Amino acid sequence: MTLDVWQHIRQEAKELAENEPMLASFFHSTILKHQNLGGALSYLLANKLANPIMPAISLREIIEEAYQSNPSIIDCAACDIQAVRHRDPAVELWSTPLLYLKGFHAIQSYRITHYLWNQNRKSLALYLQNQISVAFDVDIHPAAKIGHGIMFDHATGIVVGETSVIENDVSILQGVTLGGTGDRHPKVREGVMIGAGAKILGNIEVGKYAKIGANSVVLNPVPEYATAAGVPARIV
């Protein structure tokens, strides 16, 4: 439930603020003063994507309209907090992905642009896409397709092309590019783990549960449950 992840987050925030006086204001502003995940998420995103030309107050108006028109966007977020939570040894707090992980922020921001790109509000989608790249150093074309339970660990330098597909429970590290030389982008299936720096190019298939070596340059489809590594990548 969005309300159960939200419950853990609220309870954690209360504690964390009691233990860290220098951060209490922060916990109250992002979480404790909000009523639900969307309120906290939109407050967080408006502030992070904010700039001199489009202030946090104006960015938030945009994000809230999107959450109001399609509430499931928020649900995708709760599913994303959960995934990083146990697909990451160290992340034990539910509030950690929500508050600090730029890959998480990048994905949730992207979901906003995707909804917008589907409403044919492309100028708005392109504006956000690029502010997402400036703030988080993640560039996902609004038209790309991405499922839930997604993890962009560290995230710096991740580039996802216009025709890319990313299924559920995929994990992507820093420096990964999904791109090409119509469909000229990868179709990364369920559960795939992509190592740091890997460049996946072409309308090729990366089968469910496959693993990609760090720095690979994958050009040929990768079988399900297989490991692809090397430049160019071979099944290993």
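Counting begins at 1, following the sequence as shown.
Unmodelled residues of the deposited sequence between neighbouring positions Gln35 and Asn36 number none; the chain is continuous. For the two regions 54-62 and 182-190, the entry's Cα B-factors average higher over 182-190. Stretches 43-51 and 172-180 differ in mean C-alpha B factor, with the higher average recorded for 172-180. Of the candidates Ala83, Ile158, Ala106, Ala125, the PDB record gives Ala83 the highest C-alpha temperature factor. By the numbers in the PDB entry, the CA B factor is greatest at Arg87 among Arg111, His141, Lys102, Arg87. For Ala196, the recorded CA temperature factor ranks within the lowest third of the chain's modelled residues.
Sorting the modelled residues of the chain by their CA temperature factor places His154 in the lowest third.
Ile9: CA B factor in the lowest third of modelled residues in this chain (values from the PDB entry). When the modelled residues of the chain are ordered by C-alpha B-factor, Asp137 sits in the lowest third. In this PDB entry, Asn130 carries a Cα temperature factor that places it within the lowest third of its chain's modelled residues.
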